[PDB]
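K.L.:
begin with these chain(s), straight out of the complex:
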Amino acid sequence: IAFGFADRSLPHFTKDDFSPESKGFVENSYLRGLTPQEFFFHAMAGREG
């Protein structure tokens, strides 16, 4: 997931954060349910398809 905001993927993260959760790793299963940050990233990948 690209830095579509200035140096971050979403305004809920600090800048220059390259960790898994920051750049689109969805840790939860569909059973467990996705968090709000993960949800949007999943919708970005899904839209591209």
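P.N.:
It's in. Numbers count the residues shown, from 1 in each chain, chains lettered A, B, ... in the order given.
K.L.:
quick one: residues contacting the residue of chain A positioned farthest from its centre.
P.N.:
Residue distances from the centre of chain A (Cα atoms, centre = their mean) peak at residue A:31, which lies 18.3 Å from the mean C-alpha position. Residues near residue A:31 by Cβ atoms under 8 Å, 6 or more residues apart in numbering: none. Just so you know, the C-beta spots here come from the backbone N, C-alpha and C atoms, and that holds for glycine as well.
K.L.:
for it, give its distance to residue A:23.
P.N.:
From residue A:31 across to residue A:23, the span is 24 Å (Cβ to Cβ, to the nearest Å).
K.L.:
repeat that for residue A:12.
P.N.:
13 Å.
K.L.:
when the two are compared, which one has more neighbours?
P.N.:
Neighbours were counted for residue A:12 and for residue A:23 using other Cβ atoms under 10 Å; residue A:23 has more, 15 against 10.
K.L.:
and for the more buried one, nearest residue in space, chain neighbours not counted?
P.N.:
Computed as Cβ to Cβ, 6 or more residues apart in numbering, the closest residue to residue A:23 that is not its neighbour in sequence is residue A:1, at 5.0 Å.
K.L.:
surely that neighbour meets residue A:24?
P.N.:
Yes - at 3.8 Å, residue A:1 counts as touching residue A:24 under the criterion of Cβ atoms under 8 Å.
K.L.:
of these two, which one has the most company?
P.N.:
Shown here are residue A:1 and residue A:24; by other Cβ under 10 Å, residue A:24 has more neighbours (16 against 13).
K.L.:
mind listing what the more buried one touches?
P.N.:
Contacts of residue A:24 by Cβ under 8 Å, 6+ apart are A:1, A:9, A:41, A:44-45.
K.L.:
residue A:18: which of the residues you listed is nearest?
P.N.:
Taking Cβ to Cβ as the measure, residue A:18 sits nearest to residue A:9 out of the contacts of residue A:24, at 10.0 Å.
K.L.:
chain B should join the structure above:
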Amino acid sequence: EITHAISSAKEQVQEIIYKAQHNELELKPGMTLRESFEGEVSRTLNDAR
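P.N.:
Alright, chain B goes in next:
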């Protein structure tokens, strides 16, 4: 077991960030530092899942 394998994969991604930011990361042939960095993180996370 599931939660452990994901937890340990997030730690390895931290180590990769540390190495790349302290100039201790191996450069892959044909690739810049940032390409090599992005490449190694992706391989780790897909193997984790």
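K.L.:
quick check: the residue farthest from the centre of chain A vs residue B:9, distance?
P.N.:
To residue B:9, residue A:31 is 20 Å away according to Cβ to Cβ.
K.L.:
same question, residue B:43
P.N.:
In terms of Cβ to Cβ, residue B:43 sits 11 Å off from residue B:9.
K.L.:
buried set for stretch B:5-15?
P.N.:
B:9-10, B:13 (16 or more other Cβ atoms under 10 Å in any protein chain shown).
K.L.:
what residues does it touch?
P.N.:
For stretch B:5-15, the surrounding residues in contact (Cβ atoms under 8 Å, 6 or more residues apart in numbering or on different chains) are A:19-20, A:27, B:41, B:44-45, B:47-48.
K.L.:
just stretch B:16-36 next, same as before
P.N.:
With contact meaning Cβ under 8 Å, 6+ apart, stretch B:16-36 is reached by A:18-19, B:37, B:39-41, B:44.
K.L.:
how about the residues of chain A near chain B?
P.N.:
Contact residues, chain A versus chain B (Cβ under 8 Å from any Cβ of the partner chain): A:18-20, A:25, A:27.
K.L.:
so which residues of chain B form helices?
P.N.:
Along chain B, the segments classed as helices by DSSP state H run B:2-21, B:33-48.
K.L.:
for chain A, same thing?
P.N.:
With DSSP H as the criterion, chain A has helices spanning A:36-48.
K.L.:
in it, which spans are strands?
P.N.:
Using DSSP state E, chain A contains no strands.
K.L.:
what sits against the residue nearest the centre of chain B?
P.N.:
In chain B, the centroid-proximal residue (Cα atoms, centre = their mean) is residue B:41; its distance is 3.3 Å. By Cβ under 8 Å, 6+ apart, residue B:41 lies in contact with A:18, B:13, B:16.
K.L.:
following sequence is chain C, place it on the structure:
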Amino acid sequence: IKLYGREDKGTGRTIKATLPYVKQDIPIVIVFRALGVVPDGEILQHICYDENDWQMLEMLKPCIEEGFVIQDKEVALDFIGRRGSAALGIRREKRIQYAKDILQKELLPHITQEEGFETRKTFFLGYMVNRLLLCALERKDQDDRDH
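P.N.:
Adding chain C to the chains above:
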């Protein structure tokens, strides 16, 4: 405002602008002079705010020399009017006064359109050139059209 010159191709790497209702691209220095600020040293004082930045100053070098021979306001304004989609034969005595309208209005009309306020357009023009070179110097990403 277009920056010509490819990578090691395009020789003199100068900068020309495009103005509404003028058929051809006009170099930047000429329009600066055409607004009432003519010596080089003031022009560069309006664009670059860092006298040490020699990379940026080297890229403005060819623009000065390609617009050196236009050394005053009157011949600058006439150089413009001779391209601006008009009729043939409006003479210098008036072809200036037609181009002064194309500069006062139509060119950046959101800043102001009353007379005797050309200081705002000259200062703004310098800002644009500054932003243009920051991207060409790879100090700032190009803008994201989808933001």
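K.L.:
for chain B, see how far away the residue farthest from the centre of chain A is.
P.N.:
Counting by Cβ to the nearest Cβ, to the nearest Å, the gap from residue A:31 to chain B is 11 Å.
K.L.:
same deal with residue A:30?
P.N.:
Taken as Cβ to the nearest Cβ, the span from residue A:30 to chain B is 13 Å.
K.L.:
how close does that residue sit to residue A:42?
P.N.:
With distances taken as Cβ to Cβ, residue A:30 is found 10 Å from residue A:42.
K.L.:
who's more crowded, the two?
P.N.:
Shown here are residue A:30 and residue A:42; by other Cβ atoms under 10 Å in any protein chain shown, residue A:42 has more neighbours (14 against 8).
K.L.:
which residues does that one contact?
P.N.:
A:26, A:34.
K.L.:
and the gap between it and residue B:44?
P.N.:
If you go by Cβ to Cβ, the gap between residue A:42 and residue B:44 works out to 20 Å.
K.L.:
just the C-alpha atoms of stretch C:87-95, please, in CSV.
P.N.:
Extracted C-alpha coordinates of stretch C:87-95, given in CSV (Å, rounded to 0.1, in the frame of the first residue of the first chain):
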residue,chain,number,x,y,z
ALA,C,87,-4.4,41.6,-36.1
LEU,C,88,-1.4,42.5,-38.3
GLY,C,89,-0.4,46.1,-37.9
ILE,C,90,-1.3,47.7,-34.6
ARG,C,91,2.2,49.4,-34.3
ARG,C,92,4.5,49.7,-31.3
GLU,C,93,2.7,52.8,-30.0
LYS,C,94,-0.4,50.6,-29.3
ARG,C,95,0.8,47.0,-29.5
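K.L.:
list the buried ones in it?
P.N.:
By 16+ other Cβ under 10 Å, the buried positions in stretch C:87-95 come out as C:90, C:95.
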